[PDB]
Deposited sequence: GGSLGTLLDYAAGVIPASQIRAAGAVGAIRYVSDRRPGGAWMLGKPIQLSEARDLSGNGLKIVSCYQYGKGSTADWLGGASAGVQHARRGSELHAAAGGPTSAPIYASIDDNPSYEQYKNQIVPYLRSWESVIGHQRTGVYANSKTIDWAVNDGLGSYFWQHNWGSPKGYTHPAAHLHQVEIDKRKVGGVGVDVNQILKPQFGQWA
């Protein structure tokens, strides 16, 4: 297998515990904590953590998510896409992330086709206007990935299963969230690597 990556926001996991869990790297946040989100110790990834991961031969992938539910980043369409892309680009660079690496903008939702057309499309076009089509990643279910692919929005795709049919993997996905688990007392999700160039920093 190509391997697995762990994604997490609640803390910083030492490189030796990621290795012990069998993962080859981590998907990490290039976003701020929303007010009251004191538990989000893993937001954003910092310079010392990134050097620790790379120093221990682990892969790093950038992902962006500030809001959630009724504060989902994409609700504000184009203006939100510009503010959030600028912030993610800033934090990716601040943690020593290279411009060759993309940033997975999060659609941590199960949107309707209407919500996709009226809000996610301008949200994602704005991510492309800021960091470019070649650096725009999309974290979303199989339907959203399908709609984005048809509109030519995003170059990297990370499938989540909220709204994805059970057992279906979109052929455009680089990464697939599969799974309820803690690594060193930090809640994590496990992600299968499906394509060899999946947005790793190096």
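Q: Tell me, which runs of residues in the deposited sequence have no coordinates at all?
A: According to the record, the gaps fall at 1 to 2, 182 to 183.
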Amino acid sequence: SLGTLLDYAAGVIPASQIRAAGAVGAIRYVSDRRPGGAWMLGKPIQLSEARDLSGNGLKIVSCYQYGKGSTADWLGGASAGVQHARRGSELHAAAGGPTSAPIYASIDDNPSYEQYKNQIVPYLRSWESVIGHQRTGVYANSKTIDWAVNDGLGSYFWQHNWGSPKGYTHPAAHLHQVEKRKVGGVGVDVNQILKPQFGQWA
From here on, numbers count along this sequence of modelled residues.
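Q: Select between 112 to 120 and 72 to 80 the stretch whose C-alpha atoms have the higher average B-factor in the entry.
A: Higher mean C-alpha B-factor in the PDB entry: 112 to 120.
Q: Per the PDB record, is the mean Cα temperature factor higher over 42 to 50 or over 59 to 67?
A: That would be 42 to 50.
Q: With respect to the C-alpha temperature factors reported in the PDB entry, which of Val24, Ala20, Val190, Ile193 ranks highest?
A: Answer, based on the entry's C-alpha B-factors: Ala20.
Q: Compared with the other modelled residues in the chain, in which third is the CA B-factor of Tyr29?
A: Tercile = middle for this residue's CA B-factor.
Q: By the recorded C-alpha temperature factor, relative to the other modelled residues in its chain, which third is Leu2 in?
A: Highest third - that is where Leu2 ends up once the chain's C-alpha B-factors are sorted.
Q: Among the modelled residues of its chain, does the C-alpha B-factor of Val138 lie in the lowest, middle or highest third?
A: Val138: CA B-factor falls in the lowest third of its chain.
Q: What third of the chain, by the recorded C-alpha B-factor, contains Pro98?
A: Highest third - that is where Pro98 ends up once the chain's C-alpha B-factors are sorted.
Q: Of the three thirds of its chain by CA temperature factor, lowest, middle or highest, which one includes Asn161?
A: As the PDB entry reports it, the C-alpha B-factor of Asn161 lands in the middle third of its chain.
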